[PDB]
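A.B. asks: Read top to bottom, the protein sequences are chains A and B.
The C-terminal residue of the first sequence carries number 587 in full-length UniProt numbering, and the numbering is unbroken.
The C-terminal residue of the second sequence carries number 587 in full-length UniProt numbering, and the numbering is unbroken.
There are 2 protein chains.
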Amino acid sequence: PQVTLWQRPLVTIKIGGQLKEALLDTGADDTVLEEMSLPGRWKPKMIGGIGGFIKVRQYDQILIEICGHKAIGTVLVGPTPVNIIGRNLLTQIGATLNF
Amino acid sequence: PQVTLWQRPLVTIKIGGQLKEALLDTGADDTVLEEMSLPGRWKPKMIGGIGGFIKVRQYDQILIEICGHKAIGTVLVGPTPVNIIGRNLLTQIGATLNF
Ligand SMILES: O=C(Nc1nccs1)c1cccc(CN2C(=O)N(Cc3cccc(C(=O)Nc4nccs4)c3)[C@H](Cc3ccccc3)[C@H](O)[C@@H](O)[C@H]2Cc2ccccc2)c1
């Protein structure tokens, strides 16, 4: 559904039986979630932001529901201050930017 | 126009006479450009992001032509890895996120 950007474009996700809200972020290549618990195996990874770079856990083939849209992707979990859905998943849910 | 998120949504801006490319960014509350010379007056501000806080300088009332459209607003200049057009300006160009 169309959102304007007068306010932060925030949605509910369900991941891992947990309900979260996350920011739809066209600038973010990758989806990055704060610390929460996920089952399984993961690889260490670093990503950059402004500020600097953080070190995250790289889980993949994770099912997320974002609004009513399912999508399976790579998720990075670590010290971001806000959960971010980025392009690897906004592409799966079909989001566009219009101006 | 309409951007699919398979590529980074980069766009051409003209600011202060200069021609830059910049990221259209729904998750970013403000616009922050890399260092460049702007005339006039500014004051120091700090912003956060993933993995830290940079100190930035704030110019208000800068004209920016973004794609083709003119908008005027505050632009923060500072050590970002990339020019980022955030919601303060995206609202002025009419951008909508649309799934
Ligand atoms: O995949 C990623 N990186 C990779 N590395 C290797 C492979 S992929 C990646 C994933 C998510 C975010 C980012 C890094 N990132 C951010 O750090 N910011 C902070 C930001 C950017 C611009 C303005 C503000 C702002 O106004 N902040 C304010 N603070 C106080 C008041 S306003 C904040 C937000 C997200 C955010 C919002 C609020 C708080 C924290 C973060 C942007 O929305 C994101 O697009 C992006 C911008 C960016 C993109 C590339 C390089 C550098 C910066 C990178």
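Yeah, the Cβ is synthetic: ideal placement off N, Cα and C, and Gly gets one too.
Taking C-beta pairs closer than 9 Å, name the residues in chain A that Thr-514(B) reaches, listed in chain order.
C.D. replies: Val-491, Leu-493, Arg-496, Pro-497, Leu-511, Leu-512, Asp-513, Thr-514, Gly-515, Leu-585
A.B. asks: Taking the alpha-carbon positions, what's the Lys-502(B) to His-557(B) distance?
C.D. replies: 10 Å
A.B. asks: Any C-beta of chain A sitting closer than 8 Å to the C-beta of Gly-556(B)?
C.D. replies: no
A.B. asks: For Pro-497(A), count neighbouring C-beta atoms within 10 Å of its own C-beta (all shown protein chains included) and say buried if the count is 16 or more, exposed if not.
C.D. replies: buried
A.B. asks: Please state whether DSSP places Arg-545(B) in a helix, a strand or coil.
C.D. replies: strand
A.B. asks: In whole angstroms, give me the CA-to-CA distance for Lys-533(B) and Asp-548(A).
C.D. replies: 37 Å
A.B. asks: Are there 16 or more other CB atoms within 10 angstroms of the CB of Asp-517(A), so buried, or fewer, so exposed?
C.D. replies: exposed
A.B. asks: Closest Cβ-Cβ distance between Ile-581(B) and chain A: below 8 Å?
C.D. replies: yes
A.B. asks: Does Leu-493(A) come out as helix, strand or coil in the three-state DSSP assignment?
C.D. replies: coil
A.B. asks: Excluding the 5 residues preceding and the 5 following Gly-574(B) in the sequence, name in chain order all residues of the same chain whose CB lies nearer than 6 Å to its CB.
C.D. replies: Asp-513, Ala-516, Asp-517, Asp-518, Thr-519
A.B. asks: Buried or exposed for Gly-540(A), going by 16 or more other Cβ atoms inside 10 Å?
C.D. replies: exposed
A.B. asks: Is it buried or exposed for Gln-546(B), if we count other Cβ within 10 angstroms and need 16 for buried?
C.D. replies: buried
A.B. asks: Any C-beta of chain A sitting closer than 8 Å to the C-beta of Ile-538(B)?
C.D. replies: yes
A.B. asks: Which of the residues in the segment 561-575 of chain B, read from start to end, lie with their CB under 7 Å from any CB of chain A?
C.D. replies: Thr-568, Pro-569, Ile-572, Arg-575
A.B. asks: Provide the residue(s) that pair with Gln-506(B) in DSSP beta bridges, ordered along the chain.
C.D. replies: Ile-503(B)
A.B. asks: CB of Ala-516(B) to nearest heavy atom of ligand 1: below 7 Å?
C.D. replies: yes
A.B. asks: What are the start and end residues of each continuous beta strand (DSSP E) run of 3 or more residues lying completely inside the UniProt domain "Peptidase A2" (508-577) of chain A, in chain order?
C.D. replies: 531-536, 541-554, 557-565
A.B. asks: Spell out whether any CB of chain A is found under 8 Å from the CB atom of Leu-521(B).
C.D. replies: Interface with chain A (8 Å Cβ-Cβ cutoff): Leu-521(B) is excluded.
A.B. asks: Return helix, strand or coil for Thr-579(B), following the three-state DSSP convention.
C.D. replies: coil
A.B. asks: So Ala-583(B) packs on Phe-587(A), CB below 8 Å; how close in whole Å?
C.D. replies: 4 Å between Cβ atoms; contact.
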